[PDB]
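Residue numbers (the deposited numbering), protein chains in the order written: chain C, 746 to 876; chain A, 196 to 605; chain F, 106 to 377; chain H, 29 to 264; chain M, 6 to 370. Here's the structure we're looking at; comments come further down.
Below, the structure is given as structure tokens:
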């Protein structure tokens, strides 16, 4: 679902209730680290799901709504575009992302193209068994 | 102990060693097993296993009640157990809540007819609790479950619903529709009944918030008002906003976010926009939420597929707009022109009178051929009987003939 | 208000009577049978029918009622829904031997509905006519009767109505199960050409002397009803969106040619 | 002439038969793989006239267990008493999704075709395949495959028989192309229906617009087809 | 009951059924039969004697009802008896007597009189269920024949006038009102004195239902092309008030009967429909919010609220943008020559498009 405060609540409360937060005096340090990872990867899943409809995105709303600083938000978004190699135009000075990646049909086309690619890969695997 | 006691109980029923349902031996054992499972389920236990043993016990008891004839006080206790079940299912599975609550209102209606129940105030709170609780079924967000095939989860949901005794799980619009046709709607409390009139038929999207908020706070006040009702208010409040947002998406093309916040008064601004953002993230409506001057667009006609539909069909009456879909342009172009010509056009009437004359010319010749065809067909029918049957012997005879021949050439 | 007053029929029920009459088993004149379905208030829903061994003669009636019970069990196993509603017979309407047909029905005890099927070479003779008996004697002699008329109308399944529309085109002349979109486009163009001719006549009637009064804001609403739906709106943004969608639909169609060709590349490798 | 392979002849199917199939529809169990019933007919001019059908009503919900012999026996006693005899020339299915061949129905066809050469299997594919050209398909099985029947097995049988070569994409028999001369009654109905019954004709057409605006039909059929193609191709 | 497959002697069998009620029925049965078997004289007892104290005479009545139709002057016989039913004041068993005959069978409809008598009796005896069955049958019969002799038609117009206000459903009342207005606006009651009184009622009918637009229904077919504009009716005054679009025009042109009840709310409903159509119709078709606030003379959010029920009415019908492109399409309202000239432009468009696209699809089929 992606609600990060809900995700924190289920992990933190039930490990106090179950006597599992108590064990290490680093408990709050580890909780803070897990809190930041949940904030980063909830923002990541939010962008992956909603890039199915998003033309363009403001970065103030991402900062406030995921309760994060602008360096962390710029760092999250830039790494996501840079290392999955996404065709998204990021403006850091004007705090604005433009993409237009849509669509319902394009997803079915990519799924069919993956299915057809696994036809050619098997077609050429059968040849390398043969010879 | 509950799991092994159930194995012992079913084994005892399967003995029949001077024991039968006519002395009601099953009933204290099932009553204990129901009370013990029900208390353990409320206090604390793992979710899965209590239900797995309880469903097997229900299948036996449903069998025994059908065989021995339907017993009114154990069915009334089963109704009381089903009220505990509806609350647990609102936590764990909305489809099972919808079937169990519909079954609870059906069985309690039959108990009122059979046994008389004059508890008018309690019946009124229980009917309002039923109408408000029943349609609230969200959509599936379990992405790994979809990949690993949702149909197996659906197989168990269908069989558990047939075991519950109400066939397949009820769908969102039909569940509202037949609950409205039930005469228990007449008995519904005024504030809740006119809340239904505001939520269903006088669904003006710029006045919904004016109406609902006062009633929503009233049902959230707890001293006599069923504790179940109070915990159903935030989901009812969200379901009200979801129904409103889909209507707004069909009436508005674009809206300022500042004005959009003003139209929906709520507990908090952040929780309100986060709720609109969450529905946008899931895609229970087509939207682009954010922009530099922070304005939101639903657009026209754009993605008029699953994302506008939410996901298979609107959650409200027929004020969804005329968006373009597959074949619709051709169908509307043909249908409008056909309706305009067919309804009053003299040239079409003249064509029909000429066509009717041609049909009568065919028919007046056809009666002559029907007389001749009777003699041809009676001759064919009698000799078709004999010729096809004489061959239908051969296609069997030749199997025996093949063996007899193959037994003469070895 | 009194009960049954409108009867809903559909072409499968009519087809079952025609099939029973024609295949043939000497049924060239008077053929009798049983109709089945369900009811709501003032409406009767007839959803199927079947014939039984019969005689009608001056004065005789035979109904194999014991066959009719077995036929009902087989029908009730086929359809949990269907219930017996009445009897059907080929014309003429209201033969006196109907008193005996009522007595055979009387044994089993439900209400009867009576359907007469006509055969006349007259367009203004209604094809199927519906009646229910009234007065209705019983302990004087048997079951003397007079008939109240009922109105027959079409409404059961839409796929059956769309399929009968196609069958009615086949009745005109085949019409066949591979052209369907093109056949519909020709029907639509045939209709559109009738509209051009009709509107030309409607205007010219006003020009000639005086006309068009029944076709004034009425036709102006029909033409607007067409135009508001198709083409929806008009600007550059929307036709650009339409052309982008034509390119995506063409891309999906192109990819479907590529999938079918890849299935063919797999097919061609494994059939050598 | 209408002769095909072995002794077979082209199929002529009544519109009365199509209406009888449509009454027993594709509901009261939408997802459930129920083979609907048998087709009855006779050898005629150049062709096979398929005159009738009846359904076989099994233990249907989502589940669908097989059913008793005396239902077919009493039905084929009953049918003969009203008209002709139990001349059974094929069988029919709709049933769920768009056109698919669940494997044991091929074995069922193979067993039927070994018993009766003159037989056609009928597949009905209307709105569930998007209605939709080639909506009725009537198929017969290959003689070389039938000639070597029984059986196919796993690799014995098959290795010997399939390396004598048998065709398996095979004869589909074309249905309507002339009058049956039973149209007459329906033609007398047509001029009235139309007529003052115009409300019914217009409403039936108008159902299409409601269906076409509401249903995501091109995307929906592509998703079930994409699912089907990936299932069978990944298995193969 | 008892059977009617006793050997006829049907009149005698029905006379024998009189001598199974009160004593007075028996004396003029048997003492009638000592003079004549008769027809009308024997039948007169069923008309004159009462259905005792409750209406379980229905089964012998059915036998009597067919018996009177064939031998003589059916209409005179069947426009008798019926007022006894109205006097009794039970409706179900009386409705059964009327329902058995209906119309178009058993000595026939007329020519309309037998149908009129059963329909007239049914309106007096029984409410909405009987009337709603009759009206579609009457409508499709009207388009097969309608009377040469006006009094038969005037009897029907009078029944429709009684019926439309006795249909306790506003939109069935509107539908029955429209049928009454179409027939009067077509032929019969012209006879201009009869037309004047219902023409004044038509102005009241237009103001009575806020669904009736303003002048649109009168414009649409024969009525405005049949009733004088200024002479006595005051008809064109409403058409002037509609165009000049203001409370001040109604306040100048209104009259005591409608403003007493009165027309205060309905003027705002009229203002909402007329201005929203007129701006969009002229501008031409994508009006600014700022203009619309000035035209309707209300706030921004009030304009949006007016837009919602303009969209529910379907006088305009597409998604609403924020400040420009506010209300578009439908155009359902009257526009006289500005819809006739649009049709002439559309014909030119249709003729080019349908022929050209038929040529393309005739190279691709």
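Note that beta-carbon positions come from the ideal geometry of N, C-alpha and C, so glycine has one too.
Within the continuous alpha helix (DSSP H) that includes residue i, where are the two ends?
i: residue 152 of chain F; result: No alpha helix (DSSP H) contains residue 152 of chain F, which is instead part of the beta strand (DSSP E) from 148-156.
i: residue 95 of chain H; result: Residue 95 of chain H -> no alpha helix (DSSP H), and no H or E assigned at all.
i: residue 10 of chain M; result: Careful: residue 10 of chain M lies outside any alpha helix (DSSP H) and carries neither H nor E.
i: residue 275 of chain A; result: 267-287
i: residue 266 of chain M; result: 261-266
i: residue 343 of chain M; result: 342-366
i: residue 228 of chain A; result: 221-238
i: residue 301 of chain F; result: 285-313
i: residue 44 of chain M; result: From DSSP, residue 44 of chain M is part of no alpha helix (DSSP H); its letter is neither H nor E.
i: residue 825 of chain C; result: 815-829
Out of the options, which one is the CA nearest neighbour of residue i?
i: residue 136 of chain H; options: H/125, H/121, H/205, H/263; result: H/121
i: residue 571 of chain A; options: F/225, F/133, F/368, F/337; result: F/133
i: residue 55 of chain H; options: F/301, F/262, F/314; result: F/262
i: residue 305 of chain M; options: M/293, M/37, M/194; result: M/293
Residue i: buried (16+ other C-beta within 10 angstroms of its C-beta) or exposed?
i: residue 146 of chain F; result: exposed
i: residue 255 of chain M; result: buried
i: residue 546 of chain A; result: exposed
i: residue 159 of chain F; result: buried
i: residue 252 of chain F; result: buried
i: residue 321 of chain A; result: buried
i: residue 284 of chain F; result: exposed
i: residue 258 of chain M; result: exposed
i: residue 304 of chain A; result: exposed
Between which two residues does the beta strand (DSSP E) containing residue i stretch?
i: residue 159 of chain F; result: 159-162
i: residue 192 of chain F; result: 188-195
i: residue 116 of chain H; result: 116-121
i: residue 219 of chain F; result: 219-222
i: residue 112 of chain F; result: 111-114
i: residue 252 of chain F; result: 251-259
Quick one: what does DSSP say residue i is sitting in, helix, strand or coil?
i: residue 120 of chain M; result: helix
i: residue 177 of chain H; result: coil
i: residue 199 of chain F; result: coil
i: residue 87 of chain H; result: strand
i: residue 207 of chain M; result: helix
i: residue 171 of chain H; result: helix
i: residue 350 of chain A; result: helix
i: residue 165 of chain F; result: strand
Any C-beta of chain E sitting closer than 7 Å to the C-beta of residue i?
i: residue 30 of chain H; result: Protein chains C, A, F, H and M are contained in the structure displayed, whereas chain E is not.
- Message: Whether or not the region 748-761 of chain C and the region 783-803 of chain C are in contact is what I'm after, with contact meaning three or more pairs of Cβ atoms, one per stretch, closer than 8 Å; do they touch?
- Response: By the criterion of at least three beta-carbon pairs nearer than 8 Å, the region 783-803 of chain C is in contact with the region 748-761 of chain C.
- Query: Should the region 220-235 of chain M be called in touch with the region 190-204 of chain M, which here means at least 3 C-beta pairs below 8 Å?
  - Reply: Verdict: yes, contact present.
- Task: Decide if the region 151-169 of chain H is in contact with the region 195-206 of chain H; the criterion is three or more beta carbon pairs, one per stretch, under 8 Å apart.
- Result: With a cut-off of 8 Å, the region 195-206 of chain H and the region 151-169 of chain H count as touching, because enough Cβ pairs lie within range.
- Are three or more beta carbon pairs between the region 63-77 of chain H and the region 40-48 of chain H nearer than 8 Å? Judged by Cβ distances under 8 Å, the region 63-77 of chain H makes contact with the region 40-48 of chain H, as three or more pairs qualify.
- Cβ contact check for the region 184-192 of chain M and the region 159-166 of chain M: 3 or more pairs under 8 Å: Result yes; three or more Cβ-Cβ pairs closer than 8 Å.
- Task: Check whether the region 63-75 of chain H touches the region 99-119 of chain H, counting contact only when three or more Cβ pairs, one atom from each stretch, lie closer than 8 Å.
- Result: Yes: the two stretches touch, three or more of their Cβ pairs being nearer than 8 Å.
- Query: Does the count of Cβ pairs from the region 186-196 of chain F and the region 133-144 of chain F closer than 8 Å reach three?
  - Reply: The answer is yes - the region 133-144 of chain F touches the region 186-196 of chain F, with three or more Cβ pairs under 8 Å.
- Message: Under 8 Å, with one C-beta from each stretch per pair, do the region 842-860 of chain C and the region 824-834 of chain C reach the 3-pair mark?
- Response: Flag = yes, the region 842-860 of chain C and the region 824-834 of chain C touch.
- Should the region 856-874 of chain C be called in touch with the region 252-261 of chain H, which here means at least 3 C-beta pairs below 8 Å? Touching, yes.
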